[PDB]
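The next block holds one structure in the form of structure tokens; read it before the comments.
Numbers here are sequence positions counted from 1. Remember, it's 1-based here, ligands and their atoms both numbered in the order they're listed. As a basis for the values below, the full set of heavy atoms in this structure was taken, side chains included, without hydrogen atoms, waters or symmetry mates.
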Amino acid sequence: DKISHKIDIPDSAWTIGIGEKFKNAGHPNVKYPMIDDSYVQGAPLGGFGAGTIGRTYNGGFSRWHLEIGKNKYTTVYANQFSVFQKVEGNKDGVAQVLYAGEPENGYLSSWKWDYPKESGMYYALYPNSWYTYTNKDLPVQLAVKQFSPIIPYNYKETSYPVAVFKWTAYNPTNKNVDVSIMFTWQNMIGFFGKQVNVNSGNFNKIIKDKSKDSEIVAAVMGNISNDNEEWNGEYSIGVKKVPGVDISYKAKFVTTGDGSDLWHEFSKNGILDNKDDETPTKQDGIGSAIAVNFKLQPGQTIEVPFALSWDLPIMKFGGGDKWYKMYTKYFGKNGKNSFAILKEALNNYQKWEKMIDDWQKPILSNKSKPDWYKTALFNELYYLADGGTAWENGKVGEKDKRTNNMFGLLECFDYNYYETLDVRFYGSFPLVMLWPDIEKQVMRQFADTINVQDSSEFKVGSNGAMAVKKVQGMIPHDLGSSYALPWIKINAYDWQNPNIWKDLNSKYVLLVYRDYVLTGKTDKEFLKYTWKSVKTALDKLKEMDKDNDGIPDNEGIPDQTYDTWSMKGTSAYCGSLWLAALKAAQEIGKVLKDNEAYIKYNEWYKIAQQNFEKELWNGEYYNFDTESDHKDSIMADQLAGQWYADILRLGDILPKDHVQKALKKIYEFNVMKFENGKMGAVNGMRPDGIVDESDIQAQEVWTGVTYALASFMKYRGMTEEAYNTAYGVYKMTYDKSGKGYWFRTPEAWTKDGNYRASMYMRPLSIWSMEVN
Ligand SMILES: [Ca+2]
Ligand SMILES: [Cl-]
Ligand SMILES: [Cl-]
């Protein structure tokens with residue numbers, strides 16, 4: 001490994017061997033079908049709302065999120081980087097696909113598959129990832145850095161459907177070596193969302209941009225149709241000329257053949273035929289290839305950038321709506337703009353790298369923080385782009401343009417709901433902290449639904465009863481499903497009735513006030529916009545106080561985010577959120593000079609606080625609730641209200657002494673008595689030190705709950721406990737001794753390490769650990 005010298009991989013990058021087999025991998029622990037794509041994953045490529053592509057540590061383009069809101073795991077074998085090398089003086093060179101595996105479908109038999117084991121490494125620190133190739137049969141050593149310009153406080157490049165592949169090659173040997181690097185790509189028009197003749201009309205064209213000192217050669221892979229089908233658009237791959245490198249190309253090879261049309265050229269001397277052919281295909285799949293060839297002298301280094309773009313301008317959801325994706329604002333909507341996107345990337349990638357560096361460096365250079373923490377903090381952000389993210393720039397065939405661009409991130413793929421608010425309470429820290437204009441947009445979207453009334457009925461999954469879809473004054477669980485109508489038809493979720501949840505309205509208010517606080521307490525307009533919805537939300541919750549203790553009553557069913565775990569009476573969880581929400585609304589009242597509201601919420605808070613304290617404080621911790629069989633369980637999340645109050649600078653809603661004791665209890669029990677504190681905080685433990693069996697969710701660790709708990713610990717000066725607590729989640733996710741959930745962090749696991757709901761929004765809450 002002489003190539004690690006020649007590139008700058010941060011020490012805190014997640015790392016694994018190319019072709020490594022992992023033995024310990026967890027699987028779903030539920031009886032219903034649940035996604036399990038295996039541990040062969042990697043950092044995603046693609047911007048917010050662009051659709052993302054998961055290129056795994058083995059080199060394959062395998063996890064396809066190009067259809068917005070869907071997860072399709074399948075390796076498109078034609079999509080690869082390959083290398084040719086010939087030592088000066090030898091008769092023959094060698095050619096190798098940089099993929100640790102081979103096709104399962106008979107095609108491309110001529111290519112050299114099965115990249116050997118123990119011959120290179122994969123590294124990731126999102127949005128960056130790297131491959132190193134250190135192969136006894138490749139005298140020139142190779143590395144690539146790949147990324148998308150995911151950049152905080154930037155809403156432009158961050159939207160781009162583009163990836164850069166920055167290659168470094170170095171000759172440590174005593175003889176000259178001829179090297180070729182070749183990028184192949186399948187014309188994947190028709191791969192998603194086309195019912196018949198999936199390849200029909202696909203054609204490929206080569207663009208040579210000869211602008212002086214900025215020469216680019218690219219393939220554009222599209223379709224003859226100029227219609228605006230949601231499957232239509234273009235892919236582009238290409239390369240920028242650098243001194244000392246020659247470019248070659250092949251416009252059209254058949255992907256549904258043996259591959260020799262291309263490979264007989266590449267394997268001979270690493271130079272392609274440069275054959276252009278714009279003839280559309282009918283049945284056969286087709287692809288394009290871009291290569292560079294160069295001679296490396298002893299001790300010489302060369303750097304050459306490739307790029308990939310995809311212009312798929314329209315997203316269609318199952319309910320029929322068709323929307324333009326955000327990046328269309330910058331490149332156009334007609335689906336014929338792949339080359340422009342690619343070119344912007346090839347000409348600006350260095351600037352993008354520095355912008356990413358500028359953002360990561362304050363954290364990476366902080367020598368007080370361990371490497372594992374950094375690994376998790378950055379790599380958890382994968383989900384922001386990878387979470388079925390929808391970001392619209394107009395409905396298709398809309399006359400009126402709007403000022404606003406609606407956004408949504410999925411709960412997960414198994415539970416296909418946009419912006420599940422009970423979850424985003426945890427999972428939206430990165431958006432408020434790094435892309436706050438999106439965050440405020442999302443919360444305006446929630447404000448606008450408060451008073452929506454939809455009197456149509458639905459069957460509640462848990463119990464069979466009928467219920468009203470949306471009630472005036474009750475915040476929605478979610479903003480729809482990719483299978484239906486995102487943003488238009490809310491409350492796609494039906495497992496419980498969210499119109500009687502006791503956490504949604506409180507969390508809504510807490511999120512509003514959070515978003516004001518963590519954007520510098522200057523955005524009075526946002527408070528004005530949301531003020532009425534805040535008062536409605538709290539006033540409707542007050543009415544669910546059946547027993548006149550000043551606090552909404554849990555109703556002996558799962559009426560909150562723990563949607564199989566029944567709460568009854570006053571709960572620590574919903575009770576503390578309520579206290580915190582009342583305190584936040586008082587503060588908003590002071591800010592907006594609304595004396596009537598200040599007085600009302602202050603009075604409500606004083607009564608509720610005293611009653612909460614008297615009903616739940618047992619002298620060690622706050623009981624789970626007042627009326628359950630399991631009322632004295634120790635709930636990891638029992639003081640969620642106070643956690644938020646710390647972030648929102650609302651002071652003590654509960655006495656400092658009691659908080660400290662509760663947190664110590666949770667660490668001693670829920671953490672340290674659960675598999676020795678190596679796997680997070682189990683949600684419910686009995687006071688005798690055995691896990692609560694009342695419901696599966698009590699027996700689960702929730703990744704997003706544990707990261708949030710860790711931040712609460714940290715704010716309260718329990719530094720060791722905080723990081724020890726978080727460490728278990730890191731360990732399970734990323735470590736060789738864990739369960740193999742990198743780039744698919746799940747909601748939850750049980751004691752045995754098996755999981756529920758991979759690729760989940762809630763653990764983005766690790767960013768609460770960075771709160772200033
Ligand atoms: Ca009550
Ligand atoms: Cl256009
Ligand atoms: Cl360390």
Side-chain angles (χ1 to χ4, degrees), residues 9-15 125 161 220 222 225-229 232-234 309 311-314 324-341 344 363-379 393-394 396-398 500-503 505-506 538-545 547-557 559-560 567-579 581-582 604-605 607-616 623-628 631 641 719-720 723-724 726-727 730-731 734-735:
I9 302 171
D11 287 343
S12 61
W14 182 71
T15 187
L125 194 78
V220 170
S225 169
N226 298 289
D227 289 349
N228 81 318
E229 311 104 324
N232 203 7
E234 296 173 340
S309 64
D311 191 3
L312 303 173
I314 290 164
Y324 296 108
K325 300 175 187 154
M326 188 69 237
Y327 73 88
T328 61
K329 178 164 172 159
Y330 308 113
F331 292 103
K333 289 173 173 181
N334 75 348
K336 302 299 184 173
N337 309 294
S338 67
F339 182 76
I341 298 156
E344 184 76 354
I363 296 168
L364 294 180
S365 71
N366 184 334
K367 298 319 278 209
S368 76
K369 286 167 181 187
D371 281 356
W372 65 263
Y373 169 78
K374 292 168 189 180
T375 307
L377 178 76
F378 287 106
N379 287 308
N393 184 42
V396 169
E398 197 183 358
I500 63 170
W501 279 18
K502 310 301 187 315
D503 57 345
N505 283 15
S506 290
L538 297 180
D539 301 345
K540 294 287 167 189
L541 212 47
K542 181 55 146 53
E543 300 169 353
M544 293 159 157
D545 173 37
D547 61 10
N548 307 306
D549 68 348
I551 310 179
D553 303 10
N554 292 102
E555 285 175 48
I557 54 160
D559 51 7
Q560 37 57 51
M567 297 180 191
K568 200 179 172 185
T570 296
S571 67
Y573 185 67
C574 294
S576 70
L577 290 169
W578 169 245
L579 297 176
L582 292 172
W604 288 10
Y605 172 74
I607 304 163
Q609 179 176 55
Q610 142 208 252
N611 293 348
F612 183 93
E613 201 50 56
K614 168 163 57 51
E615 289 174 16
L616 291 178
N623 285 324
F624 171 88
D625 68 20
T626 49
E627 295 176 20
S628 295
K631 72 175 65 60
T719 299
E720 177 173 10
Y723 282 88
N724 284 6
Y727 176 78
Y730 156 85
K731 187 192 176 280
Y734 290 103
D735 186 271

| field | Heavy-atom check, side chain of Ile500 versus side chain of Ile557, under 4.5 Å | value |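 The answer is yes, as the side chains (C-beta and beyond) meet within the 4.5 Å cut-off.
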
| request: Verify the neighbour count for atom NZ of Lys329: are there more than 12 heavy atoms of other residues, nucleotides or ligands below 6.0 Å? | output: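 No, the 6.0 Å shell around NZ holds no more than 12 heavy atoms from other groups.
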
Quick one: report the N, O or S atom of [X] that is nearest to the Ca ion (ligand 1).
X      : result
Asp545 : OD1
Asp553 : OD1
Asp547 : OD1

| Between O of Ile551 and OD1 of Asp549, what angle is found at the Ca ion (ligand 1), rounded to 10 degrees? | 100°

| With distance as the sole criterion, is a donor-acceptor pair present between the side chains of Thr570 and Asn611 under 3.5 Å? |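 There is no such pair (donor and acceptor under 3.5 Å, judged by atom type) between the side chains of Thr570 and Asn611.
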
| field | Donor on one side chain, acceptor on other, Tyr327 and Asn393, under 3.5 Å | value |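 No, no side-chain donor-acceptor contact under 3.5 Å.
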
